[PDB]
Amino acid sequence: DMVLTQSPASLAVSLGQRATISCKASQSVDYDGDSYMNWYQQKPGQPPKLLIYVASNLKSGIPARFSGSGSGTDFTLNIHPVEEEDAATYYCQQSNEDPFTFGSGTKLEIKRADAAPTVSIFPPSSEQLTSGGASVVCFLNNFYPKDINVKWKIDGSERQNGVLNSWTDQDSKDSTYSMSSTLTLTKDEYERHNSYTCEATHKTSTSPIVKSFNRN
Amino acid sequence: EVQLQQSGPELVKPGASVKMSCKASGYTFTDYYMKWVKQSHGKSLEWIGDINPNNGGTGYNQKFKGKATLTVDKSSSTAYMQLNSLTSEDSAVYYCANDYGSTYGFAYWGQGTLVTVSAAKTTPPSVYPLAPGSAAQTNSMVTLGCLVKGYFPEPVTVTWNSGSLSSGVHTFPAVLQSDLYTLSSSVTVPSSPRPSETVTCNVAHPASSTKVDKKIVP
């Protein structure tokens, strides 16, 4: 089997800049003067999208910002200028021989201006409590960079376990991330405390963003 | 427009087998080869094999010879793939594609089929609405949430207002608490909308034909 090594693995690039992804086939993928290497774009949640086929052909409908090059065993995909809708994982795939092979992929992240998350905390729904469960949910929307912390405080003290965080992939419209944290306790543990705080921190800093509520 | 419609998700017991379909339209079914790719959680694509709709010709990636079994049905322009003796490794997403336009690659793809190989029983989700609870309400945006917790297996489709609301939505990826799944979605709307105009969240869990419409009230 032929090995397709993509490089780099991850790459951050500011809007308008240039993005260059490499692909190195272990063998040659030329055949009668044509290099059979294709490139796909894949945004989280959907099937890959054919961008460029046979090394340098831009599929009809693809923005001219994209452009492939290379031959033999070394190929390159070029994006200029980079846009918000480009944050995705990219793949080169050889069609030269059995079995068809895909590259190890390259995630493309967009750099932008630091942005504060929009925290919103939610107490447990009556429905949920009735069944002996209490899930406090905290939404930290549209922040940047992806590196953020979330500390949960119950009656002043920090709650360690019972937390479940889930990040969103970088937005296609504004290049921001979002995260959801859920502190899950039992109706008993919940009913025996009053103040529930959810606070976010950006890497180091010191000035957090808090949100809280009282059981009344 | 060439169109490839793949079957719904599947939860299969390990050791068993499963068959998925891929309905083609918008083109001469026999003219083009039908190809199959598998992609796994951590994301990484693998070619399974191709099939010649015309004569039932078949091409298999050595790894999948014996595991996959491509088949086709001319009269219905439908492609089939059968996976035998499933094991947890076979838990992934399978796409069917074709080279309409002869780009010598994979030009068109289906939307995928998620197969979960597991001895576990399917558990429906518990849909809980998330309301602010006596908060802001004066020309200032308001965030609402819907918590979908304790379900199995993946996936679940959350929607806001049958789909009228697409902007402001943020559906987070499911996490695995215990041996169950939990995800949540949020939607930001102008103070005008709610509580005035109705805001519902519609959760659907295919594996169990579970359809819920929880209304977000204050």
# chains A, B, ... in the order shown; residues from 1 in each chain; ligands from 1
>>> select_by_dssp(residues="stretch 11-212 of chain A", states="strand (DSSP E or B)", output="JSON, numbers by chain")
{"A": [11, 12, 13, 14, 19, 20, 21, 22, 23, 24, 25, 30, 35, 37, 38, 39, 40, 41, 42, 49, 50, 51, 52, 53, 57, 58, 66, 67, 68, 69, 70, 71, 74, 75, 76, 77, 78, 79, 88, 89, 90, 91, 92, 93, 94, 101, 102, 106, 107, 108, 109, 110, 111, 115, 118, 119, 120, 121, 122, 133, 134, 135, 136, 137, 138, 139, 140, 141, 142, 143, 144, 149, 150, 151, 152, 153, 154, 157, 158, 159, 163, 164, 165, 166, 167, 177, 178, 179, 180, 181, 182, 183, 184, 185, 186, 195, 196, 197, 198, 199, 200, 201, 209, 210, 211, 212]}
>>> interface_residues(of="chain A", to="chain B", cutoff="8 Å", atoms="only C-alpha atoms", output="JSON, numbers by chain")
{"A": [36, 38, 46, 47, 48, 49, 50, 53, 54, 95, 98, 99, 100, 101, 102, 104, 105, 120, 121, 122, 123, 124, 125, 127, 128, 139, 164, 165, 166, 167, 168, 178, 179, 180]}
>>> write_last_selection(atoms="N, CA, C and O atoms", output="short mmCIF file (atom, residue, chain, number, x, y, z; two decimals), in the first residue's frame")
data_model
loop_
_atom_site.label_atom_id
_atom_site.label_comp_id
_atom_site.auth_asym_id
_atom_site.auth_seq_id
_atom_site.Cartn_x
_atom_site.Cartn_y
_atom_site.Cartn_z
N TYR A 36 -1.92 11.81 -10.52
CA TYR A 36 -3.23 11.54 -9.94
C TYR A 36 -3.35 11.68 -8.43
O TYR A 36 -3.38 10.69 -7.70
N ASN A 38 -5.65 14.01 -5.62
CA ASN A 38 -6.80 14.88 -5.47
C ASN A 38 -6.80 15.45 -4.07
O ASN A 38 -6.15 14.92 -3.18
N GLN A 46 -19.95 16.65 7.82
CA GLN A 46 -20.33 16.33 6.44
C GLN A 46 -19.30 15.50 5.68
O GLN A 46 -18.16 15.37 6.11
N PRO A 47 -19.71 14.93 4.54
CA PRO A 47 -18.79 14.12 3.73
C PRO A 47 -17.75 15.02 3.12
O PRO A 47 -17.98 16.22 2.99
N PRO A 48 -16.58 14.48 2.76
CA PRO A 48 -15.55 15.32 2.15
C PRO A 48 -16.05 15.98 0.85
O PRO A 48 -16.98 15.49 0.21
N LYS A 49 -15.43 17.11 0.49
CA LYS A 49 -15.77 17.85 -0.72
C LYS A 49 -14.56 17.89 -1.64
O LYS A 49 -13.49 18.40 -1.27
N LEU A 50 -14.72 17.35 -2.85
CA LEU A 50 -13.63 17.32 -3.81
C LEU A 50 -13.27 18.74 -4.22
O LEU A 50 -14.11 19.47 -4.76
N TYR A 53 -8.66 17.97 -8.44
CA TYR A 53 -8.36 16.61 -8.86
C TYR A 53 -7.20 16.57 -9.83
O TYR A 53 -6.84 17.58 -10.45
N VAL A 54 -6.61 15.40 -9.96
CA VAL A 54 -5.47 15.21 -10.84
C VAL A 54 -4.48 16.37 -10.68
O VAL A 54 -4.23 17.13 -11.61
N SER A 95 -5.01 8.41 -6.61
CA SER A 95 -5.88 7.56 -7.43
C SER A 95 -5.04 6.75 -8.40
O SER A 95 -5.59 6.16 -9.32
N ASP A 98 -4.19 0.62 -6.65
CA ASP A 98 -4.98 -0.12 -5.68
C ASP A 98 -4.12 -0.31 -4.45
O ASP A 98 -2.99 -0.77 -4.55
N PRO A 99 -4.63 0.04 -3.26
CA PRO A 99 -5.96 0.60 -3.03
C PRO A 99 -5.82 2.10 -2.94
O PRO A 99 -4.76 2.62 -2.59
N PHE A 100 -6.89 2.81 -3.28
CA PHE A 100 -6.86 4.25 -3.23
C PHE A 100 -6.60 4.69 -1.79
O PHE A 100 -7.18 4.16 -0.85
N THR A 101 -5.67 5.64 -1.65
CA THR A 101 -5.23 6.13 -0.36
C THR A 101 -5.46 7.60 -0.07
O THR A 101 -5.35 8.44 -0.96
N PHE A 102 -5.77 7.89 1.20
CA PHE A 102 -6.02 9.27 1.67
C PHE A 102 -4.87 9.71 2.57
O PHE A 102 -4.19 8.88 3.16
N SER A 104 -3.02 11.83 5.87
CA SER A 104 -3.31 11.88 7.29
C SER A 104 -4.12 13.13 7.70
O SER A 104 -4.48 13.29 8.86
N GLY A 105 -4.42 14.01 6.73
CA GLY A 105 -5.21 15.20 7.03
C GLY A 105 -4.50 16.38 7.67
O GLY A 105 -3.48 16.23 8.34
N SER A 120 -24.00 32.04 29.90
CA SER A 120 -25.41 31.97 30.26
C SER A 120 -25.55 30.68 31.04
O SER A 120 -25.21 29.61 30.55
N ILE A 121 -26.04 30.80 32.27
CA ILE A 121 -26.21 29.63 33.13
C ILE A 121 -27.69 29.24 33.27
O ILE A 121 -28.58 30.10 33.25
N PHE A 122 -27.96 27.94 33.38
CA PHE A 122 -29.34 27.46 33.50
C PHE A 122 -29.51 26.49 34.67
O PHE A 122 -28.71 25.57 34.87
N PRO A 123 -30.55 26.70 35.48
CA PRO A 123 -30.78 25.81 36.61
C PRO A 123 -31.50 24.59 36.08
O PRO A 123 -31.94 24.57 34.92
N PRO A 124 -31.62 23.54 36.90
CA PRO A 124 -32.30 22.33 36.46
C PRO A 124 -33.79 22.56 36.23
O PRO A 124 -34.44 23.25 37.00
N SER A 125 -34.31 21.98 35.16
CA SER A 125 -35.73 22.10 34.85
C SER A 125 -36.51 21.33 35.89
O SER A 125 -36.02 20.34 36.44
N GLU A 127 -38.94 19.43 35.40
CA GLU A 127 -39.05 18.08 34.87
C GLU A 127 -37.93 17.19 35.42
O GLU A 127 -38.19 16.17 36.06
N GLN A 128 -36.69 17.60 35.17
CA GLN A 128 -35.53 16.83 35.60
C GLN A 128 -35.47 16.57 37.09
O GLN A 128 -35.21 15.44 37.50
N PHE A 139 -23.46 27.73 29.15
CA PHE A 139 -23.07 27.92 27.77
C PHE A 139 -22.06 29.08 27.62
O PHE A 139 -22.35 30.23 27.98
N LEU A 164 -19.09 18.06 32.67
CA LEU A 164 -19.02 17.53 31.30
C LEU A 164 -18.95 18.66 30.29
O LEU A 164 -19.96 19.31 30.01
N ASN A 165 -17.76 18.89 29.75
CA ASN A 165 -17.50 19.96 28.78
C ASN A 165 -17.51 19.44 27.37
O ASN A 165 -17.03 18.35 27.10
N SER A 166 -18.03 20.26 26.46
CA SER A 166 -18.14 19.90 25.06
C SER A 166 -17.85 21.11 24.21
O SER A 166 -18.57 22.09 24.26
N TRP A 167 -16.79 21.05 23.41
CA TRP A 167 -16.44 22.18 22.54
C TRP A 167 -17.07 22.07 21.17
O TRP A 167 -17.40 21.00 20.70
N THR A 168 -17.22 23.21 20.53
CA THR A 168 -17.77 23.27 19.20
C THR A 168 -16.56 23.48 18.28
O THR A 168 -15.49 23.96 18.72
N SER A 178 -17.19 27.68 20.75
CA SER A 178 -18.21 27.71 21.77
C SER A 178 -18.05 26.44 22.59
O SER A 178 -17.58 25.42 22.11
N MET A 179 -18.47 26.51 23.85
CA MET A 179 -18.33 25.37 24.73
C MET A 179 -19.49 25.29 25.68
O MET A 179 -20.11 26.29 26.03
N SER A 180 -19.80 24.07 26.07
CA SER A 180 -20.90 23.85 26.98
C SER A 180 -20.40 23.00 28.15
O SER A 180 -19.78 21.95 27.97
#
>>> residues_around(residues="residue B:33", least_positions_apart="5", cutoff="7 Å", atoms="only C-alpha atoms", output="compact mmCIF listing (two decimals) with N, CA and C atoms, in the first residue's frame")
# COMPACT_ATOMS: atom_id res chain seq x y z
N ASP B 50 -15.13 -0.71 -4.99
CA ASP B 50 -16.02 -0.13 -5.99
C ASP B 50 -16.83 -1.26 -6.55
N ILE B 51 -17.88 -0.91 -7.29
CA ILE B 51 -18.74 -1.89 -7.93
C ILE B 51 -19.23 -1.31 -9.24
N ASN B 52 -19.26 -2.15 -10.27
CA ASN B 52 -19.73 -1.70 -11.57
C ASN B 52 -21.21 -2.02 -11.65
N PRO B 53 -22.05 -1.00 -11.48
CA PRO B 53 -23.50 -1.20 -11.52
C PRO B 53 -23.95 -2.05 -12.71
N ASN B 98 -19.28 8.41 -6.07
CA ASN B 98 -19.17 8.07 -7.48
C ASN B 98 -18.34 9.15 -8.15
>>> residues_around(residues="residue B:81", least_positions_apart="2", cutoff="12 Å", atoms="only C-alpha atoms", output="JSON, numbers by chain")
{"B": [6, 7, 17, 18, 19, 20, 21, 22, 23, 34, 35, 36, 37, 38, 48, 49, 50, 51, 58, 60, 64, 66, 67, 68, 69, 70, 71, 72, 73, 78, 79, 83, 84, 94, 95, 96, 113]}
>>> write_last_selection(atoms="C-alpha atoms", output="mmCIF file, in the first residue's frame")
data_model
loop_
_atom_site.group_PDB
_atom_site.id
_atom_site.type_symbol
_atom_site.label_atom_id
_atom_site.label_comp_id
_atom_site.auth_asym_id
_atom_site.auth_seq_id
_atom_site.Cartn_x
_atom_site.Cartn_y
_atom_site.Cartn_z
ATOM 1 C CA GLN B 6 -27.876 6.658 2.106
ATOM 2 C CA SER B 7 -29.929 4.699 4.636
ATOM 3 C CA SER B 17 -24.023 -8.340 10.171
ATOM 4 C CA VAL B 18 -25.624 -5.255 8.601
ATOM 5 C CA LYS B 19 -26.668 -4.094 5.139
ATOM 6 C CA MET B 20 -26.821 -0.465 4.032
ATOM 7 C CA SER B 21 -28.200 1.065 0.855
ATOM 8 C CA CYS B 22 -27.230 4.051 -1.290
ATOM 9 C CA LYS B 23 -29.926 5.364 -3.701
ATOM 10 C CA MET B 34 -20.200 3.127 -7.250
ATOM 11 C CA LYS B 35 -17.490 3.477 -4.595
ATOM 12 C CA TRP B 36 -17.506 2.955 -0.800
ATOM 13 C CA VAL B 37 -15.453 4.690 1.865
ATOM 14 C CA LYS B 38 -15.371 4.233 5.619
ATOM 15 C CA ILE B 48 -13.540 -0.122 0.816
ATOM 16 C CA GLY B 49 -14.249 -1.071 -2.774
ATOM 17 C CA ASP B 50 -16.018 -0.126 -5.990
ATOM 18 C CA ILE B 51 -18.742 -1.892 -7.928
ATOM 19 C CA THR B 58 -16.329 -5.590 -8.105
ATOM 20 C CA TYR B 60 -12.079 -4.534 -3.075
ATOM 21 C CA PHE B 64 -12.151 -5.462 3.344
ATOM 22 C CA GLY B 66 -14.608 -10.906 2.996
ATOM 23 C CA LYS B 67 -15.778 -8.218 5.419
ATOM 24 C CA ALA B 68 -17.550 -6.023 2.867
ATOM 25 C CA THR B 69 -19.865 -7.293 0.152
ATOM 26 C CA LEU B 70 -20.859 -4.770 -2.488
ATOM 27 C CA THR B 71 -24.061 -5.410 -4.393
ATOM 28 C CA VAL B 72 -26.262 -3.329 -6.687
ATOM 29 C CA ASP B 73 -29.825 -3.247 -8.062
ATOM 30 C CA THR B 78 -29.670 1.352 -5.577
ATOM 31 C CA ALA B 79 -26.283 0.296 -4.245
ATOM 32 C CA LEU B 83 -20.662 -5.904 6.492
ATOM 33 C CA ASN B 84 -20.222 -9.388 7.926
ATOM 34 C CA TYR B 94 -19.679 4.668 5.648
ATOM 35 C CA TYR B 95 -20.101 6.792 2.534
ATOM 36 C CA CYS B 96 -20.916 5.733 -0.975
ATOM 37 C CA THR B 113 -24.319 6.129 7.582
#
>>> atom_distance(atom1="atom CA of residue A:201", atom2="atom CA of residue A:135")
21.7 Å
>>> residues_around(residues="residue B:200", least_positions_apart="2", cutoff="6 Å", atoms="only C-alpha atoms", output="PDB file with C-alpha atoms, in the first residue's frame")
ATOM      1  CA  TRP B 160     -35.168  24.697  16.758  1.00  0.00           C
ATOM      2  CA  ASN B 161     -38.718  25.420  15.704  1.00  0.00           C
ATOM      3  CA  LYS B 214     -40.156  20.496  24.141  1.00  0.00           C
ATOM      4  CA  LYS B 215     -41.387  24.090  24.353  1.00  0.00           C
ATOM      5  CA  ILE B 216     -39.197  26.641  26.125  1.00  0.00           C
TER       6      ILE B 216
END
>>> residues_around(residues="residue B:54", least_positions_apart="3", cutoff="8 Å", atoms="only C-alpha atoms", output="number ranges by chain")
B: 30-31, 57, 74
>>> write_last_selection(atoms="C-alpha atoms", output="PDB file, in the first residue's frame")
ATOM      1  CA  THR B  30     -24.971   2.086 -14.852  1.00  0.00           C
ATOM      2  CA  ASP B  31     -22.655   4.628 -16.477  1.00  0.00           C
ATOM      3  CA  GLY B  57     -18.068  -5.938 -11.430  1.00  0.00           C
ATOM      4  CA  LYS B  74     -30.200  -1.722 -11.523  1.00  0.00           C
TER       5      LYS B  74
END
>>> select_by_dssp(residues="stretch 14-214 of chain A", states="helix (DSSP H, G or I)", output="ChimeraX atom specification")
/A:84-86,126-130,187-191
>>> write_last_selection(atoms="C-alpha atoms", output="compact mmCIF listing (two decimals), in the first residue's frame")
# COMPACT_ATOMS: atom_id res chain seq x y z
CA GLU A 84 -13.54 32.14 7.45
CA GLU A 85 -15.29 29.38 5.46
CA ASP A 86 -11.94 27.57 5.07
CA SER A 126 -38.61 21.10 37.11
CA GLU A 127 -39.05 18.08 34.87
CA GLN A 128 -35.53 16.83 35.60
CA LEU A 129 -35.66 17.43 39.36
CA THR A 130 -38.86 15.38 39.63
CA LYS A 187 -31.65 16.38 43.41
CA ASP A 188 -30.53 15.83 47.01
CA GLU A 189 -27.09 17.39 46.59
CA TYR A 190 -28.71 20.20 44.68
CA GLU A 191 -31.45 20.99 47.20
>>> closest_residue(among="A:72, A:81, A:117, A:61", to="residue A:94", atoms="only C-alpha atoms")
A:72
